[PDB]
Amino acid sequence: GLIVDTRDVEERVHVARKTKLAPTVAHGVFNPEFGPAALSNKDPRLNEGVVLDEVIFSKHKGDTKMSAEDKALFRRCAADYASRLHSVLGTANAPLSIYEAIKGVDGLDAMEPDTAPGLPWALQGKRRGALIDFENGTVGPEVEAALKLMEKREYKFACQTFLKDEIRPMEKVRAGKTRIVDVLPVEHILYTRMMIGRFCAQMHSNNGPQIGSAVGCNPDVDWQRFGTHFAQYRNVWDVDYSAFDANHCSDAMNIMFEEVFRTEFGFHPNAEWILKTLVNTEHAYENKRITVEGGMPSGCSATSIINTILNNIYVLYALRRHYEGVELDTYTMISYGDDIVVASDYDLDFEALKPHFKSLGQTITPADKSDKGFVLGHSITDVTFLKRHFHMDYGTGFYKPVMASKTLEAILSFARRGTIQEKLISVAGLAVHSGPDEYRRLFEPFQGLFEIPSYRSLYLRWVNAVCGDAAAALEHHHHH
């Protein structure tokens, strides 16, 4: 996104914000090249000269202005993908009530009761609970009034930019590449969910390569479904972007919103509008006041779905700008935000698409850091997706998500205070697929201090999850 105006205006003082992540007993064992990001200009781990306030927003390096020809091509692609999408999902995309928007529905989780409220409530000392009743599912007069401004399309707002307290690679920690979460006003999130929550629920339910989205997937069970699909194709690619979200040009964001969220597809007319408000945004960090044109806020409602949709359209766009007679059945893909796996029986030249993605302001390289990359003949067992590989389980003959051992190690190496027991169980579910030997090693440091699940227990849980029939079938016989 293009930073078009900065201001130092106002601000009182910044409260000493530290990281809640503390090392665990595993840190001393694995000695990972990972650390809690910097949350302070005076973090002693930073490199000299690095101003944290500036590096945050360094990702906003412009709003690629697409040519006329390229906009008309982008629209055709956006329409063609919207055609596939709404053919599968249907056209029951009417607004949620205020109740359903808060409480959720099948395929859409409830709004967070006590997360950040946004601006200007954080200044006024009001939590989300003061503005919205989450149990009953009603709204106080402030929200109710704000909503009715959006109906008139006169509503305006600022994004509250927080630093993301999380584990990062140490090179990025030292560089002061702390990620940010743009916290929009609770009423904006609410109304966004009203306008497109029905559609989102329906995309979660329908996750798969047909709609080209993995948002709302359960990697445990769904990896088999995804695995068997992509194994069929001669060629598979996995693609890295640099700052996918930020480099969504306003032209691409605008066209996508117009093509995907049309009233003729069952949406309220203010679906297009509320989404278009994400294009030109104002951001509030401590003292600075940065207005930005282009890019997705990231952390706004439906960020994953929106990014996923754009990713789908970009593939169609890029291919159609290079090759002739390209359609949705020329290839197949699944995406989750910037994350992407494409496959085709055609020998597509993904290296030559580099400039075609650059016309959208996006910069692509292979995840398989080949420095001499994008090659034919890669398969699903070679690629990474949601930080998971696709490996065949010998026992079942089903694909399973295998995370890299260094990543498991880093995730185990740090935790928020007094949540380690809970985090261990959660990560045990991730690490089970790495095999009994590596499982035992990863949890070796924790043995005796905390409850570690048995490899056996989690294996059996997984087999029932992926295929209940299979698990039942193993009991047709009697043992020794």
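Residue numbers here begin at 1 and follow the sequence given.
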Highest mean C-alpha temperature factor of the two stretches 390 to 398 and 119 to 127, which is it?
119 to 127
Which is higher on average in the deposited entry, the C-alpha temperature factors of 36 to 44 or of 429 to 437?
36 to 44
Among 70, 422, 54, 451, where is the Cα B factor highest in this entry?
54
Whose C-alpha has the highest temperature factor in the PDB entry: 86, 268, 229, 148?
148
Which third of the chain holds residue 91 when residues are ordered by C-alpha B factor: lowest, middle or highest?
lowest
Check where residue 350 lands among this chain's C-alpha B-factors and tell me if it's the lowest, middle or highest third.
highest
For residue 216, does the deposited CA B-factor place it in the lowest, middle or highest third of the chain?
lowest
Record-listed C-alpha B factor of residue 194: chain third:
middle
Please place residue 19 in the lowest, middle or highest third of its chain by C-alpha B factor as given in the entry.
highest
